[PDB]
Structures are given as C-alpha cells and as structure tokens.
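Remarks on the structure that follows.
Protein chains in written order, with the authors' numbering: chain C, 2 to 398; chain C', 2 to 398; chain B, 1 to 44, 46 to 251. A prime marks a further copy of an entry chain.
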C-alpha cells in the first residue's frame, strides 16, 4: 500500500530532559503505575493541609533571641544589636566541631534563594507584670558597615527610622523592619558552599533602653525579652540556588583528605600552659613540655585574602584540659620563629581573635589580649590524647 | 490496549542546530531557568535605550581627520585626500608592533559585512572666527586607481561631482559623498584575515583650497579643520562575514611558530650605520660591525605576488638606537650577495618603500632614496639588545 | 532680518535659567547633549522609608569646577575629568570647606542613598578672536571600564553623545544627564557593599579638539565654569552624620 516518499522529518538528539525545569511543561516518562491516567487523589480525610508557599513559611514567627532586661540597665544602654536580615542566627551550645544553629521559618528560606528584597518584622514578647514600666527603642539604620556597627549610641539611632515602646499593662509589640537598599534584591549573607561569594547584610536593628525599668518591691527587677522573627508584609524571594543550610540528621563530615589540622610531628601531647614570651605568662598557650621554650609548633595555614582561620577539635574527649576542654584555638606566628597554638574559651572568642589578627593587627594589642585565656584557667593541666585532630574553620572578614 | 501497527515515521539524523541561523525560527534548547515561560522583561527603569540597528550606528558622527589650514596655503593646494569608503582609518601613535587605528561608527560596521553600496557624508567642522574667510573644494571622483590618485589637481576635480564652500560667519558644512560604482554593492577594502581577498575603495574625495585664507592681524593664520564621517542618507550593508577589525582589550599576538623574523645567525648585535655601497654612505643601514663590509645579512622573505613586506620589532626596548628607536625596517637584496636591513623612520615610510621596491623598482631610484633614513640620524649608535624579534608585515600593492 | 541696533545698551538677547533661587545666564543658546531617557522613580522599589527629595535646596546651581584654557594646551589634553555625582561634594570638601556648610549637599550628609537626574552647564567666556574648540562628553560608568584610556581620547568621545564648544562665539554646552547606573540607587558613603567608589554614577570630561589659535600678541588665557543642577532626585535612607564620608581625592 502507497509509499510516503516525501522527505522525512529532521530532528536533533538530546539525551535527557530535564534537571530543570518544572513550572509549566508536560514531562513524559515511564510511570510504574498500572494506568496511564494514574494520578493520586486526595480524599476528604487525606486533606491537603498546606498551602506550600514561600510566603506560607515566611509568616510563622520563630524565636531567635532572649534578652534579660534589668533595672540596673542604664539610661544609655543596648539590649541586642542583631542583624536585620533573614539570615539571623542563634547558636546552640555544643558540642562537635561544626556548631548547630537555630533559624526561623524565614531563615530556612531564603537559605535556598540568592536574593530576597523583602520587608521584615520582629515581635518583641516582653514578659512583664503590670507593675513593670519601661521604654525600649528599635531602629533600622541602613548602611551599617563593619567598624561602624559600633560607635553607635541610642541617640544616633533616633536619627534613622526608629520606634519607642511604652509598657505598663501591655507586654509585647511588633516592629516591622524597613528595607533600605541601593539594590532591588539582596544577595545571600551566607553563601554556601563558597567563602568569598557572600555579601554582608544591608543593615541592622538595635533595641536600646530608652528608659530604665522601675520595678516595685514585690515583682523582680530582671525580666526576659523573648524575640521572634518572620517575613513582614512583603518579604520577597528571588532565585533558587545552592542552600546555605544543611541537615540536622547526620551532623558529620568525613575530613578530607586527610588534611586534618594537627601539631607538627614531635609536639605531642600538649597541655595549655603559660610562657614568658606570650603576654608575659599572663595567658594560656599550648606547650609540649614544661621546660625552657617548649612551645607547640603548629603548621602554617595558607588563607586567601578576605578570610580568617581558627581551630575546633573533632573529639572533646581528646582535647587538652584546664578548667574546661580547650576545644577551640587560634594559630598565629610567635616571632620566636614558629606558630603557636593559643587556646580560646569558645569558637566566638577564636573567631573574634581571627577578626583582629587577620584584620592586620598584632599580638601585643589590648584588643587581642582580652581574648587570650587567663593563666588561672590552666587547671590541673591535663595533657591531650596525643595529637588529636583539629579542623580549620574559615570565614570572611 | 489497541496496537498502533501502522508504519512508524521516517526521520533523518542530524547532530546540532544551529550555528546559523537566527532571523525568524524557533530554537528549542535546554533553558536553565526554573520556568518554561521564562523570558526576561524590561521594566520602566530598565528601559531598552537603543534601537540596535546597523543604521542606528552608521548615523553617529565620529572624528577621523584634523587638517591645519594656513594662509600660506597656495591658491593651488590640497588639504586631505582621504578615501571615500567606510573603511577610512586614522593611525594612532605607538607603540607595539601592530598599530592601533581609529574608526567611526560607520567604520566598525561594515567591518562585519562583505558589501555596503551606500551613500556617505562628511562633516567638515571648521573652527574659525568671523574674521577668517576662505573657500574649500570637495569632490567625489569615481575611478581613482593607484597611480591615478596623484596626477590630480583641484581643477580636474572640478570635473566630477564637486562642491565649494564659502566661510565668513558660518564655520562648518556637510558634504554628502555620492556612490558611483559599476557594482551594486561594494566588497571590503580590508579583508581579514586574508591578504589577496581584499579589493580597493571605489573612489575618494579631496579637500583642496579653492581660495587661500585671509586673516586679519588679530586672529591667527593657521586654523584646524576637524573632519567627521558617518553613513549618509542610505548607507546600506549587505552580508555578514569575518570581521576585519579586532579587539582593543588584549592587543597581543603569540608569534607562531616560532617564525619570528630576525637576522641570520652571527649578525648580532646590530646598530644603524652607513655604507659606501648603500647610497654612497648617505643613508642608514644595519651593520653588525664597524669594519669593512660588515653589513647585517637578513633572511630572504618569500612574498606572493600582489603583496609587499617590511618589519616592525616586538619590543622597542630592544631596538637599535640613533636619534630614535629604529622599530621599523625594510628588507631587500643588496647586490653584493645578500639582503640588507634598512631602518625607516616609521611604519608608513617602511610600507611606502615596499610599495616602490615590490612595485618593480630599484634601490638607486630617487623615489626610494627619499625614504631611506639620513646618516645624521645615526645618533650615539647604540647596538641592539642582541638579535631581537621582528615580525613580517604584509599588504597588497 | 539683520538690522544692527546697539543702543546705549548694546543690543542682544540673554536667556536665563532660574530655576530655584539662583539665576545664571547665557548670551548664546547651548549645544545640548542628551545621552539617555529621563529616569523613572525607583524609590517605590529599592527602599521603603522616607521617600522624598529636596526642591528649592538641592535643585539649585552650585559651582564645582573652573579652569584655564591656553595656547599651550596641545591637541588632546583634558582640562577636567570630573566625576559627576560626587565632585559636587568633592570640590567643596577640598575647598577647605565642609559638605554640611552648603545647601546643595546637606541631604547627602544625612541621607544614605540617592537617585536623580543631573543638569550641567559648561559656560565659558572666550573672545571672538580666539579660534579653538572643546568637547564636553559623558560616560555612564567610566571607572568600571578597564582600558578606558583607550576611550579617553577626543576621537573616542566624538563617537558618542557629547556637546561642542568653540572658542570664538563663546558659547555653552548644555548637558542633561539622567540617572543610569547598574543599581537604581547610589550610596552616599560606605555601605555594607560599595566600600569604595562611593557615590559615582560616571565622570564628565572636557578635552580639546582645537587649541586656542591666537594671533601675534592676542589674548593668551581663557577660562571655563562648570555648574550643576540636581533635579528630579530622591534621598531615601536617613542616617546620622557621623556615618558620613568625605569624598576621595582629585
């Protein structure tokens, strides 16, 4: 029967569709259901509750801070200076190297997006009797750079969009955080996984004490200020990219490869002690012996400009011991021809030291020497469990 | 369920569409956007300014020449004889081998096209007081071959389409360049990258001094004539081909392979000097010594008929030195059984010499010997930095 | 029509440009140069705060530059290459004066971000016996380009939107420059980003296309005045003045 001899169709081979996209297009595949019209229905009992919207999430109010307000708080005093951006953290204590963090529903997103451009808000739940009275400030001042984040009083805050709250028989209030930028949308503050590919927050709000609290003798003077954060009337979200937040399921990291940071061969074990050449024996530094100038020599850490470095041990059950396990430390040259391991209280105090040494500083400055651990913390002076693994943390500065 | 047993479709495999074309056809691909209806919009602020037309570009007036007009200019005198075609250059001074060039918006296109067929125009901005008076000519004479470009007075120009301009209190004027050809469209004057695949311009305009200038004692006698060029009322453009113009970003060229032109093994270093056998010691030629007949012997350059060759050094910080770095030179046989390196003032004077030696000429002609560098330019006579790299330039003749 | 009638008042018209508590005149209509469309207001986009500009105060005409034009100046020698947001402030700050002192800058002191079209006059008093030519040209982002020295040339800017000034019959270059940056706003000082290149929307630059061609013993020197109007603005972003930034050098 008849020959279709007219020229056949043309066609250009691809291999697979489609790791993107999925907004509006029909995706053909091989369904393992028995039917070609097999789409699951949702019965009256199997009710579709949500409402799976980026907005739906960025509207729940998640806790993020808790400030203790006291009568002792001066007329001129601040309570929190937390960042006005969705990527506002809350560190949770312990214990493994990488520290876990609390994040509002407006934190988990846009952890998935690049830009946001939104308006936000903070609910300040002030647990208070009717016999507690005070006044709090709160001001979104755009253009808060690094150094300029200090040099900040409650008076210059009154220069930008700010609010004062009177509390007698009305506990909480909600401040909507304005969005002042030169840029339409706002890129990630935390960019994962990439160090220099992360731009700071557009601004921050503070909560000063406009008027100190006056508590009558039958109600306590200290009071908790719980703080919640959610996307405001128009927190927008722009473009899906690599998430900046991880699981909570398996908080492990197989240390490649095997570039585990640990003391130079021969400097083990090592306890926290003192040294006449390190702040005149007034602060703790790792020593591999009790004799003359036996200070633990540590490998040099090659860090690219615009970053900082410190150390957190893998197992706390192998760290050197004083009054507490020195799980955190900072590494910097000692001038006597090597690098020394300087134990810190916690990761924050190790970071802050890296913010000052990599910020083009010295060791004999008062700003750094107030982050060094005092020598009365040396404790029983237990040595480590050999030369346990430390991992090198990284952060922009 | 039922069997579609009728004969399947036919089809002819290709691999890829489509390095051309893109006028009117739908191009299917794999878009990395999240949506299948993702086409970027242009907001009121993100306004689409241009108007991206070949015409839009060939309508802006770009500078191309500057003539100094003086009272001393005779009744019979020319000011510029620049070419009447979009590929009209303006050499910019220095410094590396390949010289950079200025080109009007009507120059950059049709540097992308093969043919143009258009009408053009020149704005002659004459910066002048009201106390300066003169008359200029301008004539598009089609059919201007090589030799016939000279033998050209302001009188025979008055034979073709020509214009005379009176200037008292009216400085500038605009002459629209006619287009007289046998060919509908006009192929490239500069064909890149291919030497013999480039046909000269259809004609040229001149700007003679019909009446010399008469300047009263309180205004200067010399006056600048700035010249601009743009596509006229109907500069057309025909067919996209390989661009004849390059970047300006990275003006380098990795010299293949490694056929760098340099003196024969043993003739280094070499300074510019004189020779009794080269214009009776009246002109500069490269010497590898101060003794009898020590003239730098240079490799023979195999040039195909219809072309010419000269030399420009890579680094001026390695050239032989007289009053100036002899960065340019021409190579031709010396009759005494080898080829000699004859330094020139600049690239133009090296080309013009190649226009006369490859134009079937000799060395003992006055036309060539007025392009040879005088012997009082020999200077302190610094030798080169060894035998530095020269590269062989090529041009049709 | 050409009857000359110069009475006790030598006759001739004088067009004026007031416009906000300052009146500046020009006895010769200008050669305008409009590089872009008028900019829309993107305050109701980037920032939700005090959304306003300042009329009678920042929409005036302050002087930012003035310089010399002489026969010595060779062909292509820029007399100025002044940045445009920017040198309105940077001129006054290096005048041993403060930004706070002048009315056409004060909101830049307080307010963090700025957007607005610009107006510029390049007025000069040259004599009818001087035969030269200048060209004022605009570039919406000069510092961002790497090899713009390539562009930094009289030839290059003739290729684009510019104004022309000839010494004789002096003459003014009107120069309406609307806002067109990459981001719709500009930062008045250091900011969570823009840690440098503070308040820079592009630079103006005046080079020479024809030197002052002077007769024997004719008048040597000349002079230019650069004026600037900041109309159609918007200053959202209230910030204390201790956060301010005294602009960088010339």
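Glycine included, each C-beta is placed from N, C-alpha and C at the ideal position.
Which chain C residues are close to residue 23/C', counting only those with a beta carbon under 8 angstroms from its beta carbon? Within the second chain, residue 23/C' is the residue found at index 22, counting from 1. Residues of chain C passing the Cβ test: none, with the nearest at roughly 15 angstroms.
Here's a check: name, in chain order, each residue in its chain whose Cβ is nearer than 6 angstroms to the Cβ of residue 176/C, leaving out the five neighbours to either side. Taking the first residue of the first chain as 1, we reach residue 176/C at position 175. If we look at residue 176/C and ignore the five residues flanking it on each side, its Cβ neighbours are 123, 139, 164.
Taking Cβ positions, are residue 58/C and residue 110/C nearer each other than 8 angstroms? For this step, residue 58/C is matched to residue 57 along the first chain. For this step, residue 110/C is matched to residue 109 along the first chain. Yes, the pair counts as a contact, with Cβ atoms nearer than the cut-off.
Length at least 3, wholly inside the region 194 to 235 of chain B: the beta strand (DSSP E) runs in chain order: Within the region 194 to 235 of chain B, the complete beta strand (DSSP E) segments of 3 residues or longer fall at 204 to 211, 225 to 230, listed in chain order.
Starting from the Cα of residue 368/C, find the closest Cα among 229/C, 351/C, 166/C and give me that residue. Here residue 368/C refers to the residue found at position 367 when the first chain is read from its first residue. Of the candidates 229/C, 351/C, 166/C, the residue whose Cα lies closest to the Cα of residue 368/C is 351/C.
Return helix, strand or coil for residue 268/C', following the three-state DSSP convention. By one-based count along the second chain, residue 268/C' stands at place 267. Three-state result, residue 268/C': coil.
Which stretch, first to last residue, makes up the beta strand (DSSP E) that contains residue 175/B? The sequence position of residue 175/B within the third chain is 174, counting from 1. Residues 173 to 175.
Going by the beta-carbon positions, is the gap between residue 302/C and residue 390/C smaller than 8 angstroms? Counting from 1 along the first chain, the entry for residue 302/C is found at position 301. Counting from 1 along the first chain, the entry for residue 390/C is found at position 389. Their beta carbons are not under 8 angstroms apart, which means residue 302/C does not touch residue 390/C by this criterion.
For residue 280/C', I'd like the list of residues in its chain whose CB is within less than 7 angstroms of its CB, leaving aside the five on either flank, ordered along the chain. Taking the first residue of the second chain as position 1, residue 280/C' is located at position 279. So the qualifying residues of the chain are 370, 373.
Please go through the region 80 to 136 of chain C and give each complete alpha helix (DSSP H) segment of 4 or more residues, from N-terminal end onward. Entirely contained in the region 80 to 136 of chain C, the alpha helix (DSSP H) runs reaching 4 residues are, in chain order, 106 to 109.
Interface residues of chain C facing residue 217/C' [CB-CB closer than 8 angstroms]: Residue mapping note: residue 217/C' aligns to position 216 of the second chain, counting from 1. Within chain C, no C-beta atom comes nearer than 8 angstroms to that of residue 217/C'; the closest sits roughly 57 angstroms away.
Ordered list of beta strand (DSSP E) runs contained in the region 273 to 330 of chain C, each at least 3 residues: Note on the region 273 to 330 of chain C: whole beta strand (DSSP E) runs with a minimum of 3 residues are 286 to 288, 308 to 314, in chain order.
At a CB-CB cut-off below 7 angstroms, which residues of chain B make contact with residue 139/C? In the first chain, counting from the first residue as 1, residue 139/C sits at position 138. None at all; the shortest Cβ gap to chain B is about 15 angstroms.
Here's a check: name, in chain order, each residue in its chain whose Cβ is nearer than 7 angstroms to the Cβ of residue 129/C, leaving out the five neighbours to either side. Taking the first chain and counting its residues from 1, the one referred to as residue 129/C is at position 128. So the list reads 168, 172, 224, once near-sequence residues are dropped.
Name the residues in the region 35 to 57 of chain C whose C-beta lies less than 8 angstroms from a C-beta of chain B; which are they? Cβ contacts with chain B: none found.
Examine the Cβ distances between the region 204 to 213 of chain B and the region 198 to 211 of chain C' and report whether three or more of them are shorter than 8 angstroms. No contact exists between the region 204 to 213 of chain B and the region 198 to 211 of chain C'.
Out of 236/B, 120/B, 240/B, point me to the one whose CA is closest to residue 52/B's CA. Numbered from 1 along the third chain, position 51 holds the residue referred to as residue 52/B. If we check each option's Cα against that of residue 52/B, 236/B comes out closest.
Listed by chain order, chain C' residues near residue 107/B by CB distance under 8 angstroms: Here residue 107/B refers to the residue found at position 106 when the third chain is read from its first residue. Chain-ordered listing is empty here: chain C' has no CB closer than 8 angstroms to the CB of residue 107/B, the nearest sitting near 27 angstroms.
Residue 146/C' versus residue 221/B: straight-line alpha-carbon distance, rounded: Along the second chain, one-based indexing puts residue 146/C' at 145. Along the third chain, one-based indexing puts residue 221/B at 220. So the alpha carbons of these two residues sit roughly 46 angstroms apart.
For residue 106/C', go through chain B and note every residue whose CB falls closer than 8 angstroms to its CB, in chain order. Taking the first residue of the second chain as 1, we reach residue 106/C' at position 105. For residue 106/C', the neighbours in chain B by C-beta distance under 8 angstroms run, in chain order, 160.
Please list the partners that residue 165/C' has in chain C, where partner means a Cβ-to-Cβ separation under 7 angstroms. Position 164 of the second chain, counting from 1, holds the residue named residue 165/C'. Ordered by position in chain C, no residue passes the 7 angstroms Cβ test against residue 165/C', which lies about 57 angstroms from the chain.
Start and end residues, beta strand (DSSP E) containing residue 192/B: Reading the third chain from its first residue, position 191 is the one you call residue 192/B. Residue 192/B -> no beta strand (DSSP E), and no H or E assigned at all.
Could you tell me the alpha carbon to alpha carbon distance between residue 116/C and residue 100/C, rounded to whole angstroms? As a working note, residue 116/C is residue 115 in the first chain. As a working note, residue 100/C is residue 99 in the first chain. Taking the CA atoms as reference points, residue 116/C sits about 25 angstroms from residue 100/C.
Under 8 angstroms between C-beta atoms, does residue 50/B make it to chain C? Here the question's residue 50/B lines up with position 49 in the third chain. Yes - at least one Cβ of chain C is within 8 angstroms of the one on residue 50/B.
For residue 136/B, count neighbouring Cβ atoms within 10 angstroms of its own Cβ and tell me buried if that reaches 16, exposed if not. Working through the third chain from its first residue, we reach residue 136/B at position 135. With 16 or more other Cβ atoms inside 10 Å of its own Cβ, residue 136/B counts as buried.
contact_flag[the region 325 to 335 of chain C, the region 263 to 270 of chain C] where n(CB pairs < 8 angstroms) is 3 or more: Touching, no, given that fewer than three Cβ pairs across the two stretches are closer than 8 angstroms.
The region 34 to 45 of chain C' touching the region 189 to 204 of chain C', judged by at least three CB pairs closer than 8 angstroms: No contact exists between the region 34 to 45 of chain C' and the region 189 to 204 of chain C'.
Nearest chain C' C-beta to residue 10/C closer than 8 angstroms, yes or no? If you number the first chain from 1, residue 10/C lands on position 9. Closer than 8 angstroms: yes.
Return the chain-ordered list of same chain residues with a C-beta closer than 8 angstroms to the C-beta of residue 74/B, the five sequence neighbours on each side being excluded. Taking the third chain and counting its residues from 1, one reaches residue 74/B at position 73. Closer than 8 angstroms at Cβ, skipping near neighbours: 80, 209, 212, 213.
Cβ separation of residue 120/B and residue 243/B, assumed to be a contact under 8 angstroms, to the nearest whole Å: Within the third chain, the letter at position 119 stands for residue 120/B. Within the third chain, the letter at position 242 stands for residue 243/B. The beta carbons of residue 120/B and residue 243/B sit about 31 angstroms from each other, so the pair does not count as a contact at 8 angstroms.
Quick check: residue 385/C' and residue 337/C', are their CB atoms within less than 8 angstroms of each other? In the second chain, counting from the first residue as 1, residue 385/C' sits at position 384. In the second chain, counting from the first residue as 1, residue 337/C' sits at position 336. Taking 8 angstroms as the cut-off, the beta carbon of residue 385/C' is found no closer than this to the beta carbon of residue 337/C'.
Spell out a yes or no on whether the region 164 to 174 of chain B and the region 128 to 147 of chain B are touching, meaning 3 or more CB-CB pairs, one atom from each, closer than 8 angstroms. Taking a cut-off of 8 angstroms for Cβ pairs, the region 164 to 174 of chain B and the region 128 to 147 of chain B touch, as three or more such pairs fall below it.
Would the beta-carbon of residue 240/C fall within 8 angstroms of that of residue 114/C? Numbered from 1 along the first chain, position 239 holds the residue referred to as residue 240/C. Numbered from 1 along the first chain, position 113 holds the residue referred to as residue 114/C. Against a cut-off of 8 angstroms, the Cβ pair of residue 114/C and residue 240/C comes out as a contact.
Cβ of residue 191/B within 8 angstroms of any chain C Cβ: On the third chain, residue 191/B is found 190 positions in, with the first residue counted as 1. True, the Cβ-Cβ gap to chain C drops below 8 angstroms.
Using a beta-carbon distance below 8 angstroms, is residue 42/B in contact with chain C'? Your numbering for residue 42/B matches position 42 in the third chain. By this cut-off, residue 42/B is an interface position.
Taking only beta-carbon positions, decide if residue 156/B is within less than 8 angstroms of chain C'. Position 155 of the third chain holds residue 156/B. Yes, because at least one Cβ of chain C' sits closer than 8 angstroms to the Cβ of residue 156/B.
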